[PDB]
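**Student:** Fold the stuff below for me.
(8 chains)
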Amino acid sequence: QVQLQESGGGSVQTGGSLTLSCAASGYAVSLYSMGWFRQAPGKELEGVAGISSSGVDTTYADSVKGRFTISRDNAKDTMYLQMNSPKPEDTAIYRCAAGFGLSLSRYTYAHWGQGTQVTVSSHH
Amino acid sequence: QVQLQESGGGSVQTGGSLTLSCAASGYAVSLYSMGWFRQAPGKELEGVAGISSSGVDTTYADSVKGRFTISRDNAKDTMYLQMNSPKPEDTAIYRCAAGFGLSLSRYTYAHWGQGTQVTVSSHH
Amino acid sequence: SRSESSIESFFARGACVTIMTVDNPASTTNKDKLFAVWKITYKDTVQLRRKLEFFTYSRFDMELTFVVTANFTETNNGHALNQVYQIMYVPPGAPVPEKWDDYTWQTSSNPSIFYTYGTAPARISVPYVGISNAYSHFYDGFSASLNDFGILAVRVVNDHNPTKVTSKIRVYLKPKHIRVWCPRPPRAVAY
Amino acid sequence: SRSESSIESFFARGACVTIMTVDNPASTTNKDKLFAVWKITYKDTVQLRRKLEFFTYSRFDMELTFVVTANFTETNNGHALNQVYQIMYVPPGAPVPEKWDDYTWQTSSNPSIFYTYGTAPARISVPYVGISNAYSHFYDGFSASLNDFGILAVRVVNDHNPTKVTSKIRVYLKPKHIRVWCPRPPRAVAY
Amino acid sequence: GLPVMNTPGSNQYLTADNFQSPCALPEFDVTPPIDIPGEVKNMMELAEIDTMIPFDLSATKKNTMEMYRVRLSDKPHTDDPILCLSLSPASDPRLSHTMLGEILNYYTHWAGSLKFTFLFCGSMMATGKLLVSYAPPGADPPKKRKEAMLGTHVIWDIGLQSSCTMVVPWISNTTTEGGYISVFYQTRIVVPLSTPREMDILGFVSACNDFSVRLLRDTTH
Amino acid sequence: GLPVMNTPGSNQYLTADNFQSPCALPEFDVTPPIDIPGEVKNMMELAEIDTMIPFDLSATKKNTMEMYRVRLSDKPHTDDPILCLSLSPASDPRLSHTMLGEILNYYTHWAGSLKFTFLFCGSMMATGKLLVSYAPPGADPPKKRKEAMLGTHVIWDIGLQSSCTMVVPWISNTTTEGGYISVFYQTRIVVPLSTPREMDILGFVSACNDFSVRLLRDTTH
Amino acid sequence: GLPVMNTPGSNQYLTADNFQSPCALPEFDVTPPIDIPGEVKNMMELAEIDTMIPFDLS
Amino acid sequence: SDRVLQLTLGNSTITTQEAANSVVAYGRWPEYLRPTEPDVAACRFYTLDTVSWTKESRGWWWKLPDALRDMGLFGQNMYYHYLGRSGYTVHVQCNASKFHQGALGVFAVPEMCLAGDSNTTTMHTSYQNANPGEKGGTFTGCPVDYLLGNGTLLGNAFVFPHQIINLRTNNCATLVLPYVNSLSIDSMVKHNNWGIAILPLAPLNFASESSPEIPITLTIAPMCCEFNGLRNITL
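**Tutor:** Numbering: from 1, shown residues only, chains lettered A, B, ... in the order given. Structure as follows:
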């Protein structure tokens, strides 16, 4: 089994570049495609970013394209969710395990990771 | 099994008298006939000499008759290949195990010995 | 083509239900005292339990196999003659024994089997001894107290030996000729 | 006149396939720990292997005989009561055991046989358990990983004894009712 | 006595043997059975029963009532399927938890055919056309509508019925890759007047007559 | 119980016994077979298949492609045969390595008949007559053409066909002396115009219907 | 298994017994016999043959 | 032999030798599995790379269906179907004169594996090296020639069905190989059924100076091919 372990999340000044990781504790890491789902406090975990089975496709949400980045490591399992310029809405809980798709969690790669809370805090 | 072990080979002044031996590590040494095959560097191992099943027949190649000699020891297994007056062409690799024939290696006594290199060197 | 898949082969297995321990001490040890008593249930184990639990009702001829291995507990060069173990099958509702001494231990009713160690394991069968027409793995309401197939009792038949020999009764059950009514979704997790 | 020469008598022999070793130590020795595990293959041996290898495809009912001899390793006058060895036949694709402790060791599925030392050797049979119609001694291409008839598992059933008893499981296989397709020239040398 | 000879196998207990054994209670009053409805012969019968596949196992949606509610949400015509599903009935989390799938945990080999049934959980007034697809083994998930559409697909009209059934043909186990089942917005959802723009769907997989099993294993702890 | 009496042989394992044994998997789904072509009943069938005898096992020619190429070389009418062969199918290196011969390693006794087949591996334009001979046991190798010719011999014309077959009659094993098979230049090789004066030949031995075996032994290391 | 009962004589080897025994070589090529003249059935046949009595043992 | 006839499997044109002896593998004919059946579309002669038989040559070898992977229609079904089975009519012709001398050996090895006594691990060779397409592979004096490239003394390579293209006889090889394997249908992509190898039995010798070597030809026709499950039509 590939058991995914999420890393890379927390507080950043709105407009940074946070790279978020997710180690695959299983052989078929080369499985399917990949992805990153965020869920605001009580709101749904919408499909933010996605990479391919190989680590070639680049698929983002309407908000996050242009800045957000995804890159799965072939050799070292983990996919990199680089939130170039994080914002107040990017203050959501992040999850991983999306092989076979993007868009919705109403599918993808069921066996999901736990969670990591990103808090985009810029005001001092 | 008769396993043949070849002895008697090496360097001699062109025009000597080298006796070459071949011990039969098996009972039926009295087997069949016998023989000595020489092979030049990359060239074929042509039938030089041969003695009978008893140790009576005397069969030689066109070059080697008149000088070369073969004698199988009944009592002490080994056949004696006496190259009376060795020459520059007698600078070939010698082998043994020819019971049932002479002429060609395209037959005889299949279970063949290893090899011994005779180098007829007379110039100083 | 569907065969091995059928009920008569879904349970046609010899699965352990319990592991009971006895001893033959010359010393006074009333804890693991000679006798072993265990309530005949499937409830203790895991494997066999979930299997049955796929259904709500059942009928099965209940066979049991008792392999018995022993050994000498104390690090001594002491010896012991081959032994015997009376296995008392107790049909539901009877007096349950304590002290390996009591009248019950002579039964005159309860089927019991004497076994001599170092041979082909112990074996018996109890047909559908249901107080109803079926064995309800579940029962909703108030009288939990399951069905009760009885209790198994084993002791060392031979007298007290200077060298204390500890044994084990591995009990297996093959529910031959099993029948089931109305299935439930099986138990998701563990017990 | 051609008889004994036929297939049903070319393999009608009981040839060893493997020799596995177990022990019953009171001490902590996790290396040769109680359990013995071996991948059911013909591949280990020589004699039986070349024989089959005359062909490219096969079907055979797979019987196995387990003669078990023991002894006391340490130069001591110590003793041991007769023992039992559970032989677990494991059908291809199941959880393979480690620590003689685990759930798998209770199986409720896998056929296992308990044997009491100093008697007529252990014996069972597994019919053509091929995932295909034949057992390909050779298979060209990519999925080497042969066919897998499963794995054999044996342990000492009896508990820890002050005197450590080491045993051996000599496994033999008679491929009764064997059938073969398309022959190859046999392997000239050794493996 | 009659000359007899003891052969190897004597005195050894076979866990899955078939021998006659002595009865503990001779002449016991065995209560006879009654026709309690619920008599089964095999396990496969249980597998040819529809089962709500818990598709949505997202962080929150995994292990609560939403695992079954695959929402038809207000998004664009992003051809990455409404639902994706890997046909690994025991080796796929969504299929391994099914009635069918649980039984598939009790063998090593399963073979035959399966069938997907969809219940449209939207208004009588709501309509649209969806597309159910199955690309048999080898083929990869068909990422764009077209790709799935090109092969075996079923166009399912909402505004005509709530019940969609597409049977899956030939497959086989060793518990490593199979087929895929997918749902696509053929058209999109037509909402009449002021009706909740996000309704759901319910999927039920069940085995086919031809579906059976071989080599009995387990797992318990 | 029925009076029974235990006799000697009880509790003893016979390596080559024939007893019924208890089955580990009751009711298992045995996959049925298919007609894969290549169904054999016996080993002898394999032996009645032609096999290229590796005649030439000279120092270099032993264990390379030349072991099979018995060259027809430019020499004189030296009556010591073109090829010599001892009929010791298992006790002769050239015959012990054959398909037939390998099987002869798996018994102690073999008996019946064998057959030699020769393929002339020379030009269509090339001709000549060769002589295949077999002096049955007792007789020694016939050293001069005449000696072999006097007995059972076959004159084989090259310029007429490439296929020569001479069957060997009655023989028997205990694995110490048998027969001999020989090839002789009846005539010599006729070369047309400027054609390579040294071409070859290929020999194939195969068993006869009457050939069978007895007493099963082995060898492995 | 069928109820059976072991009686005295079990496990004991009778030098002049008559029991069936397992065969070491299943399906072996038993060479069949030939009519070699000299076939006897009994020993007495040999005794109804004249024999020169060695009377004089001085 | 004269009177040679052409067979046209719709698209393909033959013009054989004539007929002069053909070989059936274990006297069996390819028949249907008792699916996608292309018939004439993928049951029509395809010609592989004609190779050069030279004095120096060790031999050649091809895998089935591997070679015919890049073959039009047959190759499509092959790539577009997960499950699949078939048969093959191997036709190896080699034309020379009455001034050439040699003997060709064409063998049909079901599951023709190559090298490595590392039974422990087979396949080892890479996926690309195990599947050399239409272009074919060659033995080396690693497919060790006299060991059938597989550790087994070639003198026995005659176990498998075969014909000997003896120059001075028939200038053709005609081998029919019905489907062999434990499975009823198979992953054509991943698994190779047959192994057509062609090694020299007698060397190539030509009179004076002529053709410094000659050419051998492999055109084979699939026999009753079928497949299961039409996957994504990837173009």
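**Student:** and the closest residue to residue A:63 other than its chain neighbours, which of the three is it?
**Tutor:** Closest residue to residue A:63 apart from its sequence neighbours, by Cβ to Cβ, 6 or more residues apart in numbering or on different chains: residue A:89 at 6.9 Å. Where you see a C-beta, it was placed from the backbone N, CA and C, and this is true even at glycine. What DSSP: H, G, I helix; E, B strand; the rest coil gives for residue A:89 is helix.
**Student:** show me where the chain has strands.
**Tutor:** Looking at chain A here, since you left the chain open. Secondary structure of chain A by DSSP state E: the strands cover A:4-7, A:17-24, A:36-39, A:45-51, A:58-60, A:68-69, A:81-84, A:93-96, A:116-117.
**Student:** sorry, should have said chain E
**Tutor:** Using DSSP E, strands in chain E cover E:2-4, E:13-14, E:51-52, E:83-87, E:109-121, E:129-135, E:153-157, E:163-172, E:179-185, E:200-207, E:212-214.
**Student:** Which elements pack onto the third one?
**Tutor:** Other helices and strands packing on strand E:51-52, by 3 or more Cβ pairs under 8 Å, 6 or more residues apart in numbering or on different chains; DSSP states H and E, are strand E:200-207.
**Student:** so what strands line up beside the strand it packs on?
**Tutor:** Strand pairing for strand E:200-207, determined by DSSP bridges: strand E:51-52 (antiparallel), strand E:109-121 (antiparallel).
**Student:** Can you get me a residue count around residue E:135?
**Tutor:** 26 (other Cβ atoms under 10 Å in any protein chain shown).
**Student:** Please list all residues in contact with it.
**Tutor:** E:141-142, E:148, E:151-152, E:179-180, E:182, H:231-232 (Cβ atoms under 8 Å, 6 or more residues apart in numbering or on different chains).
**Student:** remind me, longest helix of chain H?
**Tutor:** Identified as the longest helix of chain H according to DSSP state H is helix H:72-80.
**Student:** quick one, longest strand in chain C?
**Tutor:** strand C:165-183.
**Student:** Quick one: list the elements packing against that strand.
**Tutor:** Strand C:165-183 packs on strand C:15-24, strand C:55-69, strand C:84-90, strand C:151-156, going by 3+ Cβ pairs under 8 Å, 6+ apart.
**Student:** In a markdown table, list those strands along with mean neighbour count.
**Tutor:** Compiled in a markdown table, the helices and strands packed on strand C:165-183 are given as follows (neighbours: other Cβ atoms under 10 Å in any protein chain shown):
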| stretch | mean neighbour count |
| --- | --- |
| strand C:15-24 | 19 |
| strand C:55-69 | 22 |
| strand C:84-90 | 20 |
| strand C:151-156 | 23 |
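**Student:** among those, which is nearest residue A:110?
**Tutor:** Residue A:110 lies closest, by Cβ to Cβ, to one member of the helices and strands packed on strand C:165-183: strand C:55-69, at 29.2 Å.
**Student:** Any residue of that closest one touching chain E?
**Tutor:** Yes. For strand C:55-69, a contact with chain E is found by Cβ under 8 Å from any Cβ of the partner chain, at C:55-57, C:59, C:63, C:65, C:67.
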